[PDB]
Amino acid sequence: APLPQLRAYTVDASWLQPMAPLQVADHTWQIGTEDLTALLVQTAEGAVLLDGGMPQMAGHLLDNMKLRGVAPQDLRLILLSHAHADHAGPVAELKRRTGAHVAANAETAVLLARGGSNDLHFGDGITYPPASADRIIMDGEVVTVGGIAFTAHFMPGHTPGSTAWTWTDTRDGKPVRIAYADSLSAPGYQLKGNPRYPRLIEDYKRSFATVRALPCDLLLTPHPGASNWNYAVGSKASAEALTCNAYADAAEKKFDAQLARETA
């Protein structure tokens, strides 16, 4: 009986369904797939990319950037929600082909540096090509690119380095506060008494209070279904989207119900 073969990280086909650039505000665009969020922000001095999705999406992300008049050498900065394969997948290839830099916290950097291997909960089951972080950011640090200021808010839980980003864009002159908040889920996580994450419950609770107080008028998430976005319907994509308090309150009730069944 020989050892088993390696298994590939397979996702639902909807996660890999390419879509044309969808406009969120005057400067923010969705260039990912139907169920994976990859936000592009066009500024006067370059473009910022938030997440990239699965690792095989680098060619698609470059296509949509070309459609917005953004050359590869115009991507200046890559920001991440958390360093998982379905969000930070193409960061390695995107760095080689665009000349951009990556800014993330220490926890996201060390997870990104080892390609998501040795995950606290998944181990080596979900591995993507590694990439280095050129700039280390702290909680509440302001990253400015082309006049648009990005503020990081640490919300650990899903991963230790889970970071929420906030920035102010315009909607035909009217300012709008956007908040790209990370996932607040714990799929298959051992919450209570985890030797690899001893203070996980504390971090999750404190993160719920963090996203409740986020300066937010329009909320987006790495998985658009978590914030009730519908990238397929285009114009009405932000129709039934949730607030920050609602998304936090909904996630916390699921965390307590999950924690309760774990003590059984």
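Sequential numbering from 1, following the sequence displayed. For the two forms, the rigid core is made up of the largest set of C-alpha atoms that agree within 1.5 Å on superposition.
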Task: Greater Cα displacement in 9 other deposited structures of this protein once the core is superposed, comparing 150 to 158 with 170 to 178 - done: 170 to 178
- [ ] Look up the CA B-factors in the entry and say which stretch, 33 to 41 or 207 to 215, has the higher mean.
- [x] 207 to 215
Open item on the list: Test of understanding: from the entry's C-alpha B-factors, which stretch has the higher mean, 11 to 19 or 242 to 250?
Closed with: 11 to 19
TODO: Sort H60, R196, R199, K66 by C-alpha B-factor from the entry and give me just the highest.
DONE: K66
TODO: Report the option among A47, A237, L50, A226 whose CA atom has the maximum B-factor in the deposited record.
DONE: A237
TODO: Using the B-factors in the PDB entry, rank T166's C-alpha atom against the chain and give the third, lowest, middle or highest.
DONE: lowest
TODO: State the tercile, meaning the lowest, middle or highest third, of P160 with respect to the CA B-factors recorded for its chain.
DONE: lowest
Task: Third assignment of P175 from its chain's C-alpha B-factors - done: highest
- [ ] Check where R114 lands among this chain's C-alpha B-factors and tell me if it's the lowest, middle or highest third.
- [x] lowest
TODO: Divide the modelled residues of the chain into thirds by Cα B-factor and specify which third, lowest, middle or highest, holds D74.
DONE: highest
